[PDB]
Amino acid sequence: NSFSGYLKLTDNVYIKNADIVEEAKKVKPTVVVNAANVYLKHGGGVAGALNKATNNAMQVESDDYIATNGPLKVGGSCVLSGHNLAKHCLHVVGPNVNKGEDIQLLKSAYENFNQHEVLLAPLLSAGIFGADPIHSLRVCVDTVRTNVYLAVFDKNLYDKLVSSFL
Ligand SMILES: NC(=O)Nc1nc2ccc(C3=C(C(=O)O)CCC3)cc2s1
């Protein structure tokens with residue numbers, strides 16, 4: 001949890017322009033959040049990147065979790081190993097608003113973060129899930145009460161989020 005180079009947005013939300021895979025390798029946090037889907041199939045975006053950085057160990061573990069427990073619900077989560085990236089991976093499902101899933105569930109998704117004192121995380125429902133990323137940061141600020149270190153890869157998006165928030 002020895003994070004460095006973050007900008008403090010609120011009492012408990014920090015942001016950095018960084019690849020979440022590189023941040024996890026440098027800090028080895030207690031918890032890294034994955035932007036997952038209900039079957040834990042890590043095909044692209046942040047999920048694909050975290051799974052590739054584990055050389056597919058995360059996907060084999062996720063498949064066994066699904067065969068034993070069934071899929072997650074939208075807004076839900078599960079805790080699995082963080083492999084070489086973290087002690088634990090918190091897999092969280094934000095709504096895919098491009099598929100008609102309710103934006104109301106983005107608040108439920110971020111509520112999962114409150115079970116952990118410190119997290120390294122991406123914005124939820126951004127990218128292929130279709131939510132506006134600045135809206136997703138606002139829900140994060142309004143819902144998360146524990147200490148969250150947000151990593152945003154794209155510099156253009158990062159600059160827009162810092163300008164809209166500060
Ligand atoms: N080594 C890697 O491949 N790392 C990463 N691959 C992605 C892919 C998508 C993203 C996304 C966003 C971003 O933070 O720029 C907002 C939407 C999806 C972030 C990473 S970090």
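These values consider heavy atoms only, across backbone and side chains, with no hydrogens, waters or symmetry-generated copies. In each ligand, atom 1 is the first atom listed, and ligand 1 is the first ligand listed. Residue numbers start at 1 and run along the sequence shown.
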### Check: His42 and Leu50 side chains under 4.5 Å, non-hydrogen atoms
no

Check: Which is it for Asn114 and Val144 under the side chain to side chain contact (heavy atoms under 4.5 Å, CB included) test, yes or no, and what are the steps along the way?
Finding: CA-CA 6 Å; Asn114 292 327; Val144 182; 3.8 Å; yes

**Item:** Minimum-distance pair of heavy atoms, taken over all atoms of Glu61 and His83
**Value:**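 Answer, listing the atom of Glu61 first, then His83: OE1-NE2, 2.7 Å.
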
For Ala126 and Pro133, the nearest pair of non-hydrogen atoms, with its separation, is CB-CB, 4.4 Å

[options]: member with heavy atom nearest to [atom]:
atom	options	result
atom 10 (C) of ligand 1	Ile128, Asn156, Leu123, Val46	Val46
atom 16 (C) of ligand 1	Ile20, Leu157, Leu161, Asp154	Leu157
atom 3 (O) of ligand 1	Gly45, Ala49, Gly44, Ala47	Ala49

Item checked: Derivation and outcome, side chain to side chain contact (heavy atoms under 4.5 Å, CB included), residues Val118 and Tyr149 -> CA-CA 8 Å; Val118 180; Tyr149 286 85; 4.1 Å; yes

*Check ligand 1 against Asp19 and write out every atom of the ligand that is under 4.0 Å from a heavy-atom position of the residue.*
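Taking each heavy atom of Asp19 in turn, ligand 1 has 1 (N), 2 (C), 4 (N), 5 (C), 21 (S) under 4.0 Å.
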
- With a cut-off of 4.0 Å, which atoms of ligand 1 are near a heavy atom of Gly127?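 Under 4.0 Å from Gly127, ligand 1 has these atoms: 17 (C).
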
- What about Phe153: any of its N or O atoms under 3.5 Å from an N or O on ligand 1?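 Checking ligand 1 against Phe153, an N or O pair does fall under 3.5 Å apart.
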
Notebook entry, point to check: Any ion pair linking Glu23 and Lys26 (charged N to carboxylate O, less than 4.0 Å)?
Noted result: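 Here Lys26 does not pair with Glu23 in a salt bridge, since their nearest N and O are not under 4.0 Å apart.
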
Q.
Does the protein come close to atom 8 (C) of ligand 1 - that is, does one of its heavy atoms sit below 4.0 Å from that atom?
A.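 Under 4.0 Å from atom 8 (C) of ligand 1, at least one protein heavy atom found.
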
